[PDB]
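Peer 1: just need the structure, nothing else, for what follows:
(4 chains)
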Amino acid sequence: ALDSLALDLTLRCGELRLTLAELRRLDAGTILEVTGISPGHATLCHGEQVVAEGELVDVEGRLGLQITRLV
Amino acid sequence: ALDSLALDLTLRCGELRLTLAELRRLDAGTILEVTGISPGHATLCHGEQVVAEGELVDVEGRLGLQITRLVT
Amino acid sequence: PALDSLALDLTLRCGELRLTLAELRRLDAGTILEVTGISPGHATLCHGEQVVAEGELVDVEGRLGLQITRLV
Amino acid sequence: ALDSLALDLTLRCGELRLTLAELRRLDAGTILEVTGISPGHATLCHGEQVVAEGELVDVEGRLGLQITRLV
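Peer 2: Numbering: from 1, shown residues only, chains lettered A, B, ... in the order given. Sure, structure below:
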């Protein structure tokens, strides 16, 4: 009777800090380096809490997340 | 001095909805369908708010975000 | 500001060297010339002969990138 | 004019266009993508005139330009 509770989850595929002044100054075409993550890796999140780890995969041209570890 | 505010940003590579039951049935190997983003793309987020859109790139093995648009 | 829209043709500069006309005449394929001004992996961003930024050369999926280390 | 004339040459290892507004807005740590060149390639220039092409080489820690084509 709560098993049916629907959770909005997001894929967190990197983390970084910028100052507000830095963020205001970003232009299209510039690349931000996002250290701390293996490229294509994503964490499955509810808000700030991690629920699962995964890899971004191609599914017939669509984006999929293949779960590698439940957390 | 507010320009000096350090913001914790995330790269968001999509979203999905799962019930508590589904989240409980979830195991290694399961492929979940992702919505809200074209593949190879990501948004730059402060909490739940988008501040930019971009494309994921590889920079000598490190992940990069090539900004395509600032949400301003 | 109207001058903000000014398109500048900037150059990546990977150092410099001085040759006499005789030397440049003698210069054949395969010769390695010593470079001054930068150490390997570095470049300046240049407008004409004016340095406007310094940075590091990176590879972006087979493309050249300049990672800015300082704006001048 | 004589063979003893000394030319100040530069290594051009890429070209790009930014507006002044874009250039004003650049921050340390951001990456600019420089299309139209193979990484490590450089042209040897007198002003805006190409006199040679080559590859950037590391020789015992020191930067060199290995000449591939004379112009």
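Peer 1: tell me how far the residue of chain A found nearest chain D lies from chain B.
Peer 2: Taking CB to the nearest CB, chain D has its nearest neighbour within chain A at residue A:31, 3.8 Å off. Every C-beta, even on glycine, is put in place using the N, C-alpha and C of the backbone. Counting by CB to the nearest CB, to the nearest Å, the gap from residue A:31 to chain B is 5 Å.
Peer 1: separation between residue A:7 and residue B:50?
Peer 2: 20 Å (CB to CB, to the nearest Å).
Peer 1: quick check: residues of chain A near chain D?
Peer 2: Proximity of chain A to chain D, by CB under 8 Å from any CB of the partner chain, involves residues A:22, A:25, A:26, A:27, A:29, A:30, A:31, A:32, A:33.
Peer 1: out of those, which touch chain C?
Peer 2: Restricting the residues of chain A next to chain D to those adjacent to chain C (criterion: CB under 8 Å from any CB) gives A:31, A:33.
Peer 1: quickly find the element holding the residue lying closest to residue A:15 once chain neighbours are set aside.
Peer 2: Among residues not flanking residue A:15 along the chain, residue B:10 sits closest, at 5.4 Å (CB to CB, 6 or more residues apart in numbering or on different chains). If you go by DSSP states H and E, residue B:10 is part of strand B:6-19.
Peer 1: for that strand, packing partners?
Peer 2: Contact here means 3 or more CB pairs under 8 Å, 6 or more residues apart in numbering or on different chains; DSSP states H and E; on that basis strand B:6-19 packs against strand A:6-19, helix A:20-24, strand A:62-70, strand B:31-33, strand B:41-46, strand B:49-59.
Peer 1: how about that strand: buried residues?
Peer 2: B:9, B:10, B:11, B:12, B:13, B:14, B:15, B:16, B:18 (16 or more other CB atoms under 10 Å in any protein chain shown).
Peer 1: show me the beta-bridge partners of the residue nearest to residue A:15.
Peer 2: Following DSSP bridges, residue B:10 is listed with bridge partners residue A:15, residue B:45.
Peer 1: which residues are in contact with it?
Peer 2: Going by CB atoms under 8 Å, 6 or more residues apart in numbering or on different chains, residue B:10 touches A:12, A:14, A:15, A:16, B:44, B:45.
Peer 1: only alpha carbons, please: show stretch A:4-20 as PDB.
Peer 2: What follows is stretch A:4-20, C-alpha atoms only, in PDB (Å, rounded to 0.1, in the frame of the first residue of the first chain):
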ATOM      1  CA  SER A   4       3.300   1.900  -5.200                       C
ATOM      2  CA  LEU A   5       5.000   5.200  -4.100                       C
ATOM      3  CA  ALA A   6       6.500   6.800  -7.200                       C
ATOM      4  CA  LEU A   7      10.000   8.200  -6.900                       C
ATOM      5  CA  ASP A   8      11.600  10.800  -9.200                       C
ATOM      6  CA  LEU A   9      15.100   9.700  -9.800                       C
ATOM      7  CA  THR A  10      18.000  11.500 -11.600                       C
ATOM      8  CA  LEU A  11      21.200  10.400 -13.200                       C
ATOM      9  CA  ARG A  12      24.200  12.200 -11.600                       C
ATOM     10  CA  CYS A  13      27.100  11.800 -14.100                       C
ATOM     11  CA  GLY A  14      29.600  14.200 -12.600                       C
ATOM     12  CA  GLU A  15      30.000  16.900  -9.900                       C
ATOM     13  CA  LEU A  16      31.800  20.200  -9.900                       C
ATOM     14  CA  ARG A  17      32.100  23.600  -8.100                       C
ATOM     15  CA  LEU A  18      31.900  26.900  -9.800                       C
ATOM     16  CA  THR A  19      31.500  30.400  -8.300                       C
ATOM     17  CA  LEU A  20      28.400  32.300  -9.300                       C
END
